[PDB]
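Shown next, in structure tokens, is the structure this report addresses.
Any read-out appearing in this document is the output of simple, stated calculations on the displayed coordinates, not a laboratory observation. Note: ideal-geometry Cβ built from the backbone for every residue, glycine included; neighbour counts use all protein chains shown.
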There are 4 protein chains.
Amino acid sequence: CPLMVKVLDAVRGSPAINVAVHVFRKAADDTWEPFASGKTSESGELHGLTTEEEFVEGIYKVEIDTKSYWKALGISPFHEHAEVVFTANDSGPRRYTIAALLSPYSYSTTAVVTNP
Amino acid sequence: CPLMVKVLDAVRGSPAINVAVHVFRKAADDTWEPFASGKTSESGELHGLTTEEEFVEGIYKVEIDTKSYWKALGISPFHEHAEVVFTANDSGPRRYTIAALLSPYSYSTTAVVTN
Amino acid sequence: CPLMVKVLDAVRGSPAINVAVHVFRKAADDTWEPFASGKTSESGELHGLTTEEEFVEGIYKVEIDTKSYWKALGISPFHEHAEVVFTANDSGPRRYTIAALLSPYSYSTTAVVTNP
Amino acid sequence: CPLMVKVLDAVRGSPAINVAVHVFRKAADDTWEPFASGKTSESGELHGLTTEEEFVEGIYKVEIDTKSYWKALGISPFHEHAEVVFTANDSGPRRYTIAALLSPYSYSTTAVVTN
């Protein structure tokens, strides 16, 4: 709902399936406190991580375990993960799609942020 | 060196070596006239394409033969090639680095335009 | 349906709306013959370009008028367009999503190719 | 120069200059220990981070302060920063170029690992 993570495999041209995603939120405090996690579906998407009420302002870290993904496909990738760190909901609730496009030695991440 | 092409391989994390690159200039009748070409070097770079005097304003196309590159590495590519089409100024040169980051199903191209 | 083009604006984190897209297919012949065109919707997506029956094997060119997009937002971008050229349906009908992520001096394009 | 950081600005088509970059090494207790830092140069590059002797195998994090960069250009950025986390070998060095292409709502990072 307010947070969705979508992962693509740039080598296959496919969704990156079964990609583990961990979302953390920066506490008071400055530590990363576990916020949510999940795997991408066969569409490469991970929905349902959170809700409007739970997904409050914060600095969030979305950690995408790209390494396991590549390693399950036989590839020794460069990165340990793709992590995306951002301030969310700074000027009100938004919907965040966190897109990652994965290659063994490269990724990109894109945030699509929309306003209900 | 007003125009330079740099090509990287996102799969191997390496320069993309021996990638054919063609550069075209749009002619008055809107056809692509060949202008220059080369193959990226060991460093994934292609210098010497043109010179300041020759590299006049116009619309140029850089075609990077990504498909043959992926073919040579045994990897099914999606694109026939990566084209970059751009107007060279206004206003003046300026050096252009056309950077391409290649994956089998994705590429990015970026223009680093300096001076 | 078998061809969809999705365009994102990496500067805003938004769909790239009202982006003109022209699809050509390479004729016999070697010329690019107009295949379909459209604009992206408010989701940055362009659906309905073609149909399974019309979208036969071919080399297709999807030309995304990124320049007009940027220029309507005040930006003199580097590229004239983003064009994506590919062989389609080489080993049978697939669904192609052609994604472009736009920045004034950079784009990426990603093909997500799936098999009904 | 075993580790080099190059940062490009996709909005301006330019090197991303004066971007702060921190490099951390994962310590035995899994904390990030600061290792090196610098600011990208006129050319969007940051050399001299480390040396062969110092740049042992391990897991390293390169944090690129993309937010301050975009802040300085008056452009709202999405990310707090671009982190690149990677294991430096096996098997051996190898030079690492960590290339980052920045846009306000997107970045890519690419490792060009040579020798």
Residue hits (segment B:84-108; in contact (Cβ under 8 Å) with a residue 40 or more places away in the chain and within 15 Å of C:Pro104 (Cβ to Cβ)) are B:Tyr96, B:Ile98, B:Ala99
Point to revise | Residue in segment A:45-61 that is away from every other protein chain (no Cβ under 13 Å), closer than 30 Å to A:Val11 by Cα and aromatic (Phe, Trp, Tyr) present | key: no
Of the candidates B:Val56, B:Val112, the one satisfying the condition of being part of a strand (DSSP E or B) and not small (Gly, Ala, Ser) is B:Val112
Scanning segment A:1-51 for residues that are within 13 Å of the chain's Cα centre (by Cα) and among the acidic types (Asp, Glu) gives A:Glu45
Per the filter on segment B:3-28, residues assigned to a loop (DSSP other than H, G, I, E, B) and either touching a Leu at 6+ places or on another chain (Cβ under 8 Å) or within 13 Å of B:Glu45 (Cβ to Cβ) (or both) are B:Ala10, B:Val11, B:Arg12, B:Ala16, B:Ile17, B:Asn18, B:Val19
Within segment C:105-116, of all residues that are over 13 Å from the mean Cα position of the chain (by Cα) and within 14 Å of chain D (Cβ to nearest Cβ), the one surrounded by the most Cβ atoms within 10 Å (Cβ to Cβ) is C:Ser106
Reported set for segment D:29-53 where residues are in a strand (DSSP E or B) and of a type in the set (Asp, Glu) is D:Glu33, D:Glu45
Going through segment B:73-109 in order, the residues found to be charged (D, E, K, R) and outside any strand (DSSP E or B) are B:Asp90, B:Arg94
Note on A:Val84: of the conditions (1) within 23 Å of B:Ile75 (Cβ to Cβ); (2) in contact (Cβ under 8 Å) with a residue 12 or more places away in the chain, unmet is (1)
Picked from segment C:80-104 (must be under 17 Å from C:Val19 (Cβ atoms) and either at the interface with chain D (Cβ under 10 Å from one of its Cβ atoms) or not in a strand (DSSP E or B) (or both)), the residue farthest from the chain's Cα centre (by Cα) is C:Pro104
Could you tell me whether segment C:41-56 includes any residue that is within 24 Å of B:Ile64 (Cβ to Cβ) and surrounded by 15 or more Cβ atoms within 10 Å (Cβ to Cβ)? no
Condition set more than 7 Å from every other protein chain (Cβ to nearest Cβ) and more than 14 Å from the chain's Cα centre (by Cα), scope segment D:77-115, selection farthest from D:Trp32 (Cα to Cα): answer is D:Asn115
Worksheet item: C:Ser91: over 29 Å from C:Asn115 (Cβ atoms) and small (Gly, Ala, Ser), yes or no?
Response: no
